[PDB]
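The structure under discussion appears below in the form of structure tokens.
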Ligand SMILES: CCCCCCCCCCCCCCCCCC(=O)OC[C@H](COP(=O)([O-])OCC[N+](C)(C)C)OC(=O)CCCCCCCCCCCCCCCCC
Ligand SMILES: CCCCCCCCCCCCCCCCCC(=O)OC[C@H](COP(=O)(O)OCCN)OC(=O)CCCCCCCCCCCCCCCCC
Ligand SMILES: Nc1ncnc2c1ncn2[C@@H]1O[C@H](COP(=O)(O)O)[C@@H](O)[C@H]1O
């Protein structure tokens, strides 16, 4: 869809204008969900290799959680960047083409005639 | 076979039953020839005589389905005097299903194909009416 | 892990340590051939590592503390019950033979892992190429059925083709009469109930099917019983054999690398012992396997991987 | 009659038998290279002549 | 779901390895006959060449 | 996934055989050099949908 | 009809393709493909590509010599089919020949034809350029640019040939 | 377009249908793959020499390389048919039907 | 096989796919496909049995035929456009030939006839490479040429692929043919939303790669080639039965599992373009795929088929396989649906 | 002393534990450093001081 926007700055995971946006917080529930996915990954890795699931390899569980948070932070940055690009292109296109986006004259319900369909 | 479908649909329902019956017959015959071509493709018949026997059998089965379909649909549209009405194609699809069950020599496949082909032909008539797009052009 | 393709690339070729003492040698013979110490004597003069004959509890002796598990956890089979009732209704005959074939397959994998890692030849007793002869006797005496032989031939066909024969196969010529005399003098009350035709069938598939089909791919050293009592004869002949037959000659680093990779993963070794062929001798039902597996998990040192059990003294689990 | 056989017949059993029939006919292949590439030929010639997919 | 055609289909082997089906290699039988500049007048070598 | 590495790294692997209007050996022009150059300079950056 | 010489060489080209497409035997398949590859270097040479026709001649000569050796050693039966030993060879051989001369007739009677594309019927001499290329044939300079310009093309082609030898020796090993 | 492209595209279609309809014989279809590469060579080289687009004159050579660089692959995949089986008949290649 | 030669051959497979992905030139695209095929043939012949030779022969014939059709599409592009830019095509005949070539390279129906045979012939890791990594280069070419792809052709290939790959898996007890007909159905799913929104095509490609790699990694970690040997998994390591339960319920398209993500999003982009009949028929046809996934979960996790005695030995040896990224792939293939708006990283 | 064969995961691989802990600590501190630079850049490009 937006492949012509990233056709002048190719393969930039986060462009220069991505830094105009507020970053995801450290307590971001999307990022916290990815951290819980890291905890689940550590528990599955302890389970399938016949380790005690909650005790064995606290460093290994901790690096699973940390690695998922470290990848998911930049993934959320790119997500919020591309939705900001979506909204920016939408609003600039509406602002540049006024005749294709007419301001609808809102009629109030005292003029609007709706057919009444009774339930009987 | 893009224009077989066009020369079927471009004629008003319940007006000229012969040309509609022949158009649906040719659509059914083309479909039967495609089924026959893949049938001799994937499963080798025992000889060329058996191959053209299977080709003619599938072609005449599907052509009889198309013929009795177009005949029954246009005759029902004439005797009911309601062209834009998928009950006509429900009756025509049931006649085509009974045709398939007669050619395959089983009443159960005839009744099941009656029901499902009648529903299918009704849905095709409704798609012709409201303009339902099955291969829709991308707009957004 | 320790060994893999990465250690193979960086310089660890297995023919760098393959010397002429690195010879896998398997001693064969009947039930009381006197090979039981002879093989150790063949192991003690050449400096080879002796592996005793894998009974029911070889896999129990390798894992855990090396002590045998109870018979409901390993095998579900009894040798003395086979001696007392060979034609049993529950089919302990082929179930026992299948468990013995699995234990010998694990033993032969241990022999090859020792030979390819430590570079030292291994003395076995009755490796997997000599298992089937007992099976054949158990078909000739009507002890098992033909579908049991078909199941064994399928397991053998998909397992033994991945493995090499021994270098030296030491057979001992003991007739049935001296075997009977040593069993009567042996002192085991269960071992005396063996019929004579069973031992005769074992000697027949020894001398008619096993030793002919091995001699192409190894070098047999067939001896009698009195010169089996002199093991310096046997070592004295092993030290002067000219290894020219068998598929051991066309073995470079790559083929033995793939052999050492296949060998060191014991579940891949045992992958086709438990094939899904439903036979009433080996098929344990759902609730019985559930009960036995849940009892196996509750065992000391068996709940987890071999360095992750608090009950047997594995420290530092939270950093492993 | 109805709620053990016929209402049991019309939606689930006829659908189950139809999908089983098509599953047997699709996967009844002899695995020959000749018939597969002959079917590829028939597909391309239906695509050109009979469906006008090159238009 | 076995039909009439899919009834001789035995299941494939466990290790996906088939028996080698040792059909005859047909060693080409050369008649290095007596009329030859190398066979000294009278020598019929019936030889079996593998190529 | 046109992972445009060649524009990202600035290396030139196959932007040279791509059109007839490119730098040719010994400055050889094609028979349709001017037509292709005019259509490329017409359709540059205006997109496919407007360019066609 | 001498101005149509690329056309006549192309008729012999398609007749060679009918020769090895009917597949009698790879001996005669190699025969027909050598005939077609030896008239293809006469089709393409009248456009100026003498080097680039001599090479498709030479590479396919080496190819058919190797394919000869393999079909004499592997793809060999007792009675090889020439074109007439099997009716399924001869029927589609005659069919391809009659359809090729049929579309010769339909293009020299009308001077246009339309199978899928629309084709002219005048001889292809009309579309040449009216200029001279100086002291170089331009196809020679373009194929000489494979080293100065086509570095990446050289790298991927040589790497494909190296691993093609590696691939072929790993396949034909068995163990 | 020009007259010669009729017969060169016709030769591509003839080698296509020669490849795409087997005759229980694999070397005869590897020959049809080589013929399809020949027709693609002749067609692309006619167009490139027609355009005087000289820089892609190295394009058919490279094309030709990968022609034999797959066709030799077919030959190396032929002997593995013919060492297991007696011949290269494609009806011996039906063991993956179960 | 030498491990050095295995590393070289896998890097050459990756190199061919990267050359298809990054290049701007059609000859370079065709070189990438030739290099990918040539390098992947010894991955299919890793063990040297007649099944691998038959599988590699069928795969070589299909991909060589597809490469021929692809180069003819390239040459007709060269004629009717005079250039070589990997972009839209300038002739519907070349677009049809290229779409046929890529449908043969993907094994989409009615060109599907090689995927279960080649997948059944070769081992599980080479089948994994075939069903995941080889589905990347032709989908790159389909992403790059979509202003010229005919609508009715790719939609016919898509829905016929979904129906035929649905009916294919319902008669299978070998796991590799199950995953192969699943691949045919899911390539139909990927290419159906191609001309509507190809970001959803890339999303379905990524989620299918993750789920398929999870299933083949579980199959390698349990050494299972048949359904009835996958049904012995409860007696050996019962956590693997839970993992195959959650992954096979994920691949069927049940919420809250992540395999509901692509399909729904595909419908989310097909109904915007006023197509309602076609995603409805596709979604109803996906119930067949879910049916044979339910069959495999009935075999493995939900029931307990009677195992054999020698399983008692395999209790005494834990798995020492290198299970590469198995918990990560399982978590991403089951618990990613609340992160559904992450798909904008593909925009 | 229990196991008759010394298990590979009997003693902890202290090099692997050290690499795990150091890599995870570096990922956390580089993540916090990148987050602080990002909040500074966002407050700088707009002037929300
Ligand atoms: C439990 C057993 C029975 C199950 C019955 C389930 C419901 C049966 C009917 C479902 C129809 C399909 C979904 C309709 C969604 C309509 C949304 C919409 O916008 O409609 C207007 C749109 C109209 O298009 P539009 O809205 O884009 O266009 C604008 C409006 N006009 C037309 C005026 C220009 O309708 C359609 O596009 C067609 C809808 C019907 C399609 C029928 C196909 C399915 C056939 C029957 C399937 C039956 C169940 C299948 C499973 C059975 C078991 C395997
Ligand atoms: C059934 C089996 C077959 C049985 C019959 C076999 C008959 C004998 C076949 C052997 C001869 C094959 C000849 C093939 C073409 C060789 C091309 C050639 O001669 O090239 C040399 C030369 C290159 O020099 P150039 O750079 O072109 O110079 C011109 C500018 N100063 O080029 C020139 O000087 C060009 C001069 C004009 C060339 C005319 C066009 C080519 C004519 C081809 C005729 C048909 C060849 C058939 C080959 C079949 C091989 C078996
Ligand atoms: N495959 C087998 N079948 C029957 N008995 C066996 C088998 N393998 C080993 N044995 C027994 O192992 C013992 C070997 O004898 P000894 O060498 O005296 O320990 C005898 O009791 C044999 O019966």
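Residue numbers (my numbering), protein chains in the order written: chain A, 747 to 866; chain B, 3 to 142; chain C, 8 to 327; chain D, 46 to 100; chain E, 49 to 99; chain F, 28 to 79; chain G, 306 to 480; chain H, 398 to 495; chain I, 2 to 348; chain J, 20 to 68.
We put the CB at the ideal spot given by N, CA and C, even for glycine.
Beta carbon proximity, residue i to chain A, threshold 8 Å
{"i": "residue 204 of chain I", "result": "no"}
Rounded C-alpha distance that separates residue i from residue j
{"i": "residue 837 of chain A", "j": "residue 830 of chain A", "result": "11 Å"}
{"i": "residue 66 of chain J", "j": "residue 851 of chain A", "result": "39 Å"}
{"i": "residue 135 of chain B", "j": "residue 433 of chain H", "result": "40 Å"}
{"i": "residue 413 of chain H", "j": "residue 430 of chain H", "result": "8 Å"}
{"i": "residue 237 of chain I", "j": "residue 46 of chain C", "result": "36 Å"}
Cβ of residue i within 8 Å of any chain H Cβ
{"i": "residue 477 of chain G", "result": "yes"}
{"i": "residue 451 of chain G", "result": "yes"}
Any chain C beta carbon closer than 8 Å to residue i
{"i": "residue 801 of chain A", "result": "yes"}
First and last residue of the uninterrupted beta strand (DSSP E) at residue i
{"i": "residue 95 of chain E", "result": "93-97"}
{"i": "residue 32 of chain C", "result": "32-34"}
{"i": "residue 229 of chain C", "result": "226-231"}
{"i": "residue 91 of chain D", "result": "Careful: residue 91 of chain D lies outside any beta strand (DSSP E) and carries neither H nor E."}
Residue-level contact to chain D via CB, residue i, 8 Å cutoff
{"i": "residue 289 of chain I", "result": "yes"}
{"i": "residue 410 of chain H", "result": "no"}
Test: residue i CB closer than 8 Å to a CB of chain L
{"i": "residue 431 of chain H", "result": "Within the model displayed, chain L is absent; protein chains A, B, C, D, E, F, G, H, I and J are what it includes."}
Contact test: residue i Cβ vs ligand 2 heavy atom, cutoff 7 Å
{"i": "residue 339 of chain G", "result": "yes"}
{"i": "residue 355 of chain G", "result": "yes"}
{"i": "residue 351 of chain G", "result": "yes"}
{"i": "residue 344 of chain G", "result": "yes"}
{"i": "residue 524 of chain H", "result": "Nothing about residue 524 of chain H can be read from this structure; chain H reaches only from 398 to 495."}
{"i": "residue 335 of chain G", "result": "no"}
Residue i CB to nearest heavy atom of ligand 3 below 7 Å
{"i": "residue 104 of chain C", "result": "yes"}
{"i": "residue 8 of chain I", "result": "no"}
{"i": "residue 141 of chain C", "result": "yes"}
{"i": "residue 39 of chain C", "result": "yes"}
Check: residue i C-beta below 7 Å from any heavy atom of ligand 1
{"i": "residue 275 of chain I", "result": "yes"}
{"i": "residue 27 of chain I", "result": "no"}
{"i": "residue 386 of chain G", "result": "no"}
{"i": "residue 278 of chain I", "result": "yes"}
{"i": "residue 164 of chain I", "result": "no"}
Range of the contiguous alpha helix (DSSP H) that encloses residue i
{"i": "residue 242 of chain C", "result": "238-245"}
Beta carbon proximity, residue i to chain I, threshold 8 Å
{"i": "residue 138 of chain B", "result": "yes"}
Cutoff 8 Å: residue i Cβ touching any chain B Cβ
{"i": "residue 24 of chain I", "result": "no"}
Cβ of residue i within 8 Å of any chain F Cβ
{"i": "residue 457 of chain G", "result": "yes"}
Task: Residues in the stretch 777-799 of chain A having any Cβ partner in chain C nearer than 8 Å - done: 795, 796, 797 and 798
Open item on the list: Output needed in chain order: residues of the stretch 433-454 of chain H with a Cβ under 7 Å from some Cβ in chain F.
Closed with: 448, 449, 450, 451, 452 and 453
Task: Residues, ordered as in the chain, of the stretch 238-257 of chain I that lie near chain H by beta-carbon distance below 7 Å - done: none
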